[PDB]
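J.: Take this structure, written in structure tokens, and hold onto it; I'll ask about it next.
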Amino acid sequence: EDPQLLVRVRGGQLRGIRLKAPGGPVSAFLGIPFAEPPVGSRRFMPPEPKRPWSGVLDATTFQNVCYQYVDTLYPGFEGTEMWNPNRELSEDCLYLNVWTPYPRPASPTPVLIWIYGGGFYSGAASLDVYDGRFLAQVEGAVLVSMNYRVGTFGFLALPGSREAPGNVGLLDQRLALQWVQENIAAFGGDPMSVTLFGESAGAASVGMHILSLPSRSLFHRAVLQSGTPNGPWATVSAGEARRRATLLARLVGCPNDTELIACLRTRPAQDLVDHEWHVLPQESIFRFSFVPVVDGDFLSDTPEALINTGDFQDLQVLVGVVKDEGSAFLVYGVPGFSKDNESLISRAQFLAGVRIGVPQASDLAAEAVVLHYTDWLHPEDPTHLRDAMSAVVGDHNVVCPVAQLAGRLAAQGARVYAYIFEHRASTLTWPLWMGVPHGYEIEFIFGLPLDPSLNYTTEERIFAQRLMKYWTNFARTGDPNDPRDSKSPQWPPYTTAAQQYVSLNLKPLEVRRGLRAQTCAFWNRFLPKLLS
Amino acid sequence: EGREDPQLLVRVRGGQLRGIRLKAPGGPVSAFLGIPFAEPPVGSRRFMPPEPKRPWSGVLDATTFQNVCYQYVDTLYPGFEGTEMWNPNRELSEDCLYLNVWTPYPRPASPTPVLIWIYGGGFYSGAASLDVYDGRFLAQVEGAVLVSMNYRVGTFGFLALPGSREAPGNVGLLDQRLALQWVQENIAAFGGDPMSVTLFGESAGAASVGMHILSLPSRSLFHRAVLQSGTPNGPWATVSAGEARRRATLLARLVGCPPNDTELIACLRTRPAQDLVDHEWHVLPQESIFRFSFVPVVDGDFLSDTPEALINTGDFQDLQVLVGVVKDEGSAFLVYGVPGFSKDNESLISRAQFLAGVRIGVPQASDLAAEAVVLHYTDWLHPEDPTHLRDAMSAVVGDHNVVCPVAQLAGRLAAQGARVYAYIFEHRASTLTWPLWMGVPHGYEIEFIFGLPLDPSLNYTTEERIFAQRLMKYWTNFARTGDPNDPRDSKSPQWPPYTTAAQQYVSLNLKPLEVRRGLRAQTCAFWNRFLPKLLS
Ligand SMILES: Nc1ccc2c(c1)c(-c1ccccc1)[n+](CCCCCCc1cn(CCNc3c4c(nc5ccccc35)CCCC4)nn1)c1cc(N)ccc21
Ligand SMILES: Nc1ccc2c(c1)c(-c1ccccc1)[n+](CCCCCCc1cn(CCNc3c4c(nc5ccccc35)CCCC4)nn1)c1cc(N)ccc21
């Protein structure tokens, strides 16, 4: 019974487990409950704080994964399976994990809180790519990660009702945040230095905590990797949320809000998941059935509106994208694309993929996208049209929303650092043409190349150390730059004037200017006026 | 006769002519200047199609340039060489339908290819007697026979009340066609080969050449064509029948000829020439640049349909065309009514002035389309750089009016059977008096193609002299063979045809030919495939 593995938190006593990291032991406290299981009548409701417990709670394993759709596009394939649930599925899933140095840090350490992505319909804090181990052991960080409800469970909303007000998955997150504020001190963590970081839907989540006043006193810094609270996919309106909730209710046999939610609550979880794909208004990619809703409660107005008008002066933010944001979404319903062939495409296939990539586009709007993305020297080259189809999806959903977010925060007094991640993992099982797809920087930031038995190159081990240093340096100080190192070159702040960002690849830092500036101007400034 | 130089006495279908022996740097040339090719289009003939010149008696004197067709004399910058070199250099008169011929001295023993020049000036100005259109250098150095004609401009050439018999429109083009007929019948008397005639022209001259290509009765009058910085398609070279009727009618009112066509045209015919010129600007529907009041009309006769339609559905197999542009097509146009611009300062403008310019530069464009133009042309790293905005304003005008129509033209012609050669001219004359910011402006290749640098007394650099020799060879090789390349020469880089596949075109500057690919491809896709659909 190792005294280092015994913590007293507000709700009782905990037993963690000593884990092996390449360079030494870490303490891990996995599966800590932070909310009353949101089950039975509590489905679709705000989470409630976990009641105190007797004795000593076993916090040595990851707990169940929140109920969610399981991907079967390529059964057995590592490139998809690595994102699938690695624990039993259950509605009883509100548990968080904490990693700390062993021994318990002596003095107050910066806390990193991870919020996973998965399009608000999937994900878990227990996947191997979110292993806190290395950041704990190498960088001396306390690193926290929580589960939050996804799909219908987290985000089904009949806006303005009592029983399903929406945004509960975000509320789950906020509860984990309050838990950290209330308990982390006991692990050696520093509640006055909390850095949120997350990817894709996790980044939009972070974005939303930035944009929601009650969340603001629970953290000090934010990192948005490949996702934003603004943009076409991260939110729906109250009208549109009601529509889908109402259509789902119908689809599962449920005939007045109270009546509807009651009948929805009687339904086995898998019934809800069986019918969640079917509520989307159009054939599309990079659109998800149940996402945060603009309720006037959690989100007091649209993110677009909120980012345009907020005051961001005492706020530091790190944002960025991967080289090929859209490639991986193409194999999920764009005719012509597959991981098993080189996916070279006709022009007609391109116009079609654009209607699906930009579901809200009119004929003229779609024709503009097409005309903008065509290479007029090689206007019918199958390689370009493929790379362009990808680019359309990446730019429209991630890169240009990121550019806009970074723009507004800088303008309004936030301190912003931007990046583009351009290294393709050697261990990667997706085809070359996909490049560096959505999600594949995470293993590097988390430092998985430090585990020698994962067969990463020596170059990649070093790169991972550099990235761990940027993220944790940023957590300590709000500046990713190493405060005791020279030469560098330095990573400069993103500003609206200079628009400086850096590339994270195997080479040392290179400073560039303008994040797809011409193209984003099309997406952020033109198209809105067009489809109007 | 008796004591005259026997090389200068030539008979044509209308009678005897006496020419003049002129000194070119390298030797003498023969010139027959001011040959009448039409009945003077005065009095009751104003606005009417031209009638063939009636035979004269005796030996007509053809030693000097004749009158320049009635036109607006530029007064933007009085005394400034930059504008005055384009201004008329003979008396203004409605009696102006004359042409000029330069041939080697002595006239060549065997039939020589003929080059026919058609001046520009926005269809409202110009004269074949300007110093930069001097055929003596091409005549002496390349052994060419060169012809240039006056044709009516402004109201006199292009005022139309479409459907009427008294003012049918396009009569300026018909002047040009009549001179082409003249060349067919008469050019052999000078040693020219009527079976080998190449039209060339710049700006409106180019657009006119294009219209001869698209107008069937003109097709049997020439074999090859060169379009410099202008096209029949595009926003300025033609007007609908409706628009030309509105413009003729409005002008009539302005000069006190109120609204039946016959009565109106009759009253217009009583007006003094200068009152028509004093009022021709006032009929433009918007504040604008690169728009001219009386231009070719789409009449269902000379033009059987819009040039856009005719180039889309034309068969151009048996046709060779050389086409091209200068580096800075739009720059010179900015000083003619874009607030913020001038030749006497660096013309550094603001973002406000740019948006205002775009409205003027693209006058037919809705708010949404103007926004589109501005968004496309903004440099988003420096959306407020004065220098960049100035150069973008220039490019907006350049691309919309010349570069993208040329591209469009080269594209459609090549896809439909034409051998098309394409260029971009990048040399700024060392002698230019327009400010450096204007780059190589609209019109400033002409003096090189005509070989003015060979005149030692014109203060051109030695490099420029060589450059002009080169260009003269390209143009005449093209007249001679339909290929600008020299047969005997050997890389010495080749000029490849422009195709839809490769989109090849050469740079013309002091360095040897460099092949480039894509005549401003992305941006022109904007003007040619996007903007149309936004103004639907
Ligand atoms: N027959 C069905 C029934 C239900 C659903 C269906 C299909 C599909 C679907 C599968 C294949 C082709 C078309 C459609 N889908 C899939 C549509 C969702 C497509 C997004 C997949 C994706 C792709 N990426 C980028 C690549 N890397 C990742 C992943 C995955 N997750 C993550 C999470 C975080 C970061 C990265 C990452 C998951 C899958 C693959 C790659 N993220 N997410 C479902 C979705 C629902 N919301 C509801 C029900 C179902
Ligand atoms: N206050 C008045 C009264 C009447 C007219 C007015 C203004 C103008 C005008 C002058 C200054 C600023 C704005 C408007 N204008 C001028 C309108 C602008 C059109 C001329 C500008 C221009 C500019 N370029 C390019 C530069 N190189 C050339 C030129 C010119 N000619 C040629 C001919 C062929 C090739 C090149 C070339 C003539 C002028 C300067 C440069 N070509 N043409 C008139 C025109 C009419 N048809 C009738 C009346 C008047």
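The chain as shown is numbered from 1 upward.
The backbone N, Cα and C atoms fix where each Cβ goes, and this holds for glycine too.
Sharing the features that Swiss-Prot gives for it:
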- A:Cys66-A:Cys93: disulfide bond (DISULFID)
- A:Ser200: active site, acyl-ester intermediate (ACT_SITE)
- A:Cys254-A:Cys263: disulfide bond (DISULFID)
- A:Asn256: N-linked glycosylation site (CARBOHYD)
- A:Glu325: active site, charge relay system (ACT_SITE)
- A:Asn341: N-linked glycosylation site (CARBOHYD)
- A:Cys400-A:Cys520: disulfide bond (DISULFID)
- A:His438: active site, charge relay system (ACT_SITE)
- A:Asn455: N-linked glycosylation site (CARBOHYD)
J.: Should we count any of the recorded positions A:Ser200, A:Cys254, A:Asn341, A:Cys400, A:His438 as near ligand 1, judged by a CB under 6 A from one of its atoms, and which?
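T.: Passing the 6 Å Cβ check against ligand 1: A:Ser200, A:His438.
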J.: Tell me which of the active-site residues A:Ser200, A:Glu325, A:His438 ends up closest to A:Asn256 (N-linked glycosylation site) in space, Cα to Cα.
T.: A:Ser200
J.: In Å, rounded, how far does the Cα of A:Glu325 (active site, charge relay system) sit from the Cα of A:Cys254 (disulfide bond)?
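T.: Roughly 38 Å, rounded to the nearest whole number.
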J.: Of the disulfide-bonded residues A:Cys66, A:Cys93, A:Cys254, which sits closest to A:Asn341 (N-linked glycosylation site) by Cα distance?
T.: A:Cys66
J.: Output the one of A:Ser200, A:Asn256, A:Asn455 that, of all these recorded positions, has the highest number of other Cβ atoms within 10 Å of its Cβ.
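T.: Top count of Cβ atoms within 10 Å goes to A:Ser200.
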J.: Based on DSSP, name the secondary structure state of A:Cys520 (disulfide bond): helix, strand or coil.
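T.: Assignment for A:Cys520 (disulfide bond) reads helix.
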J.: Name the residues of the same chain, 6+ apart in sequence, whose Cβ is under 8 Å from the Cβ of A:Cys66 (disulfide bond)?
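T.: Set apart from A:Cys66 (disulfide bond) by at least 6 residues yet with Cβ under 8 Å, we have A:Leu89, A:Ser90, A:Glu91, A:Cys93, A:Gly123, A:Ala124, A:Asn147, A:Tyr148, A:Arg149, A:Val150, A:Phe153, A:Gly154.
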J.: How long is the line from the C-alpha of A:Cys520 (disulfide bond) to the C-alpha of A:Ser200 (active site, acyl-ester intermediate), rounded to the nearest angstrom?
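T.: A Cα-Cα distance of 19 Å.
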J.: Between A:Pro255 and A:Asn256 there are 6 residues with no coordinates; how far apart are their CA atoms in Å?
T.: 9
J.: Please give me the CB contact count at 10 A for A:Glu325 (active site, charge relay system), counting all chains in the structure.
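T.: Counting Cβ neighbours of A:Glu325 (active site, charge relay system) within 10 Å gives 27.
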J.: Of all the disulfide-bonded residues here, A:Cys93, A:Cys263, A:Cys520, which one's CB has the most other CB atoms within 10 A?
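T.: When each Cβ's neighbours within 10 Å are tallied, A:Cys93 tops the list.
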J.: Measuring Cα to Cα, how many Å separate A:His438 (active site, charge relay system) from A:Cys400 (disulfide bond)?
T.: 15
J.: With DSSP assignments reduced to helix, strand and coil, which class does A:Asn256 (N-linked glycosylation site) get?
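T.: Coil, per DSSP.
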J.: What is the nearest of the recorded positions A:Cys254, A:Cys263, A:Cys400, A:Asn455 to A:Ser200 (active site, acyl-ester intermediate), using the Cα of each?
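T.: Nearest candidate: A:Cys400.
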J.: Counting across all protein chains present, how many other Cβ atoms fall within 10 Å of the Cβ of A:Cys254 (disulfide bond)?
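T.: Counting Cβ neighbours of A:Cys254 (disulfide bond) within 10 Å gives 17.
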J.: Going by DSSP, is A:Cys66 (disulfide bond) part of a helix, a strand, or coil?
T.: strand
J.: Tally every other Cβ atom lying within 10 Å of the Cβ atom of A:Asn341 (N-linked glycosylation site).
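T.: That number is 10.
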J.: Under a criterion of Cβ-Cβ distance under 8 Å and sequence separation of at least 6, what residues of the same chain contact A:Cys400 (disulfide bond)?
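T.: Residues satisfying the criterion: A:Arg516, A:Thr519, A:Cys520, A:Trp523, A:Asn524.
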J.: What number of additional C-beta atoms lies within 10 angstroms of the C-beta atom of A:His438 (active site, charge relay system)?
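T.: A 10 Å sphere around the Cβ of A:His438 (active site, charge relay system) contains 24 other Cβ atoms.
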J.: In three-state terms from DSSP, label A:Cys263 (disulfide bond) for me.
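T.: Assignment for A:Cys263 (disulfide bond) reads helix.
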